[PDB]
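Colleague: Counting from 1 along the sequence shown, just add 57 to a position and that's the residue number in PDB author numbering.
Ideal placement from N, C-alpha and C gives every residue a C-beta, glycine not left out.
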Amino acid sequence: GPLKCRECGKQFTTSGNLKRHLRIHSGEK
Ligand SMILES: [Zn+2]
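#1: Look up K86 in the DSSP assignment and say whether it is helix, strand or coil.
#2: Pull every residue with its beta-carbon under 7 Å away from any heavy atom of ligand 1, and keep them in chain order.
#3: Could you tell me the alpha carbon to alpha carbon distance between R63 and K86, rounded to whole angstroms?
#4: For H82, I'd like the list of residues in its chain whose CB is within less than 6 Å of its CB, leaving aside the five on either flank, ordered along the chain.
#5: Does the beta carbon of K67 fall short of 6 Å from some heavy atom of ligand 3?
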């Protein structure tokens, strides 16, 4: 599933990758 990173402008299709990706973005867990 297309997962757009509003911060980067990019987009994934894998939940874990984008989640861990936004985890770094958010600074949270
Ligand atoms: Zn990003």
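Modeller: Reading from the atomic positions:
#1: Looking at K86 - three-state DSSP - the assignment turns out to be coil, as it is neither helix nor strand.
#2: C62, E64, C65, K67, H78, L79 and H82
#3: Note on geometry: alpha-carbon atoms of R63 and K86 lie some 18 Å from one another.
#4: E64
#5: For the structure depicted, ligand 3 is absent and the ligand set comprises only ligand 1.
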